[PDB]
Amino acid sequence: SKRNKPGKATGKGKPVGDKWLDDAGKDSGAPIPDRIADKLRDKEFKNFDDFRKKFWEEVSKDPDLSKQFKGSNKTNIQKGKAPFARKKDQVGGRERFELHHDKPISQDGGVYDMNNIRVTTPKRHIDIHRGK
């Protein structure tokens, strides 16, 4: 429900190198890269799904992130679809990387706060929320 209201992206991402989504299956997941956050900051989004689609589009425009995906995943992100996670990191019915709110939305974590958003594998998003 709070994910269904519009908002504006704020905040700072983090430095990211050549193994960005290696982080996505551990701890709180991988950060929004700081140069991506720079490009989205203070833009208006109609809902979180809007932000999610525009986020993956922005990733597609960043050659140093784009190069971390093989061809079919590059096609997905250019179309604003999330990339597929590795088979070992998927859950039945949940095959793609997921955006997670480190401080959860239910705990008044900011929905479009880019310091708060993480990219996680489906297994790890579930395991974060059951305390693993």
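Residues carry their position along the shown sequence, with the first being 1.
Remark: stretch with higher mean C-alpha B factor among 21-29 and 105-113 is 21-29. Higher mean CA B-factor, judged across 78-86 and 44-52 from the recorded values: 44-52.
The deposited CA B-factor of residue 65 belongs to the lowest third of values across its chain. When the CA B factors of the chain's modelled residues are split into thirds, the value for residue 91 lands in the highest one.
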